[PDB]
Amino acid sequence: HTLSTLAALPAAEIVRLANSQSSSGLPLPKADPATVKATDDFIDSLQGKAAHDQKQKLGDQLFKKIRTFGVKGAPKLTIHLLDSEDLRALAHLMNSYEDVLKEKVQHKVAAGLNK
């Protein structure tokens, strides 16, 4: 499994593979548990809000993270990710698996989805 083949999977499958430590070939670092719990508490905090309100609040952290990556069209990429992925899994890529997230964003830039 390469980084690009992995970034091509849904966030929930990338994260599922991370936790099932048969990781003899998974280009993912060991997640920090204080970070994993802060992200899960954050997502817990959004349960019960309007879908629209949940994507805006997560989008805030997500857009800031894509702008660090150096990619143009980070709003459009941010919206597309929020509409195409599991919110909780995406936040785990954002805070814990940033390089996979970047490989996934390059896949979308390749589809002209930032334009």
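Sequential numbering from 1, following the sequence displayed.
Look at the mean CA B-factor for 39-47 and for 25-33 in the entry; the higher one is 25-33. Mean CA temperature factor is higher for 15-23 when stretches 15-23 and 94-102 are set side by side in the entry.
Among the modelled residues of its chain, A111 has a C-alpha B-factor that falls in the lowest third, as given in the PDB entry. In the PDB entry, a CA B factor belonging to the highest third of its chain's modelled residues is recorded for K65. When the modelled residues of the chain are ordered by their C-alpha B factor, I79 lands in the middle third.
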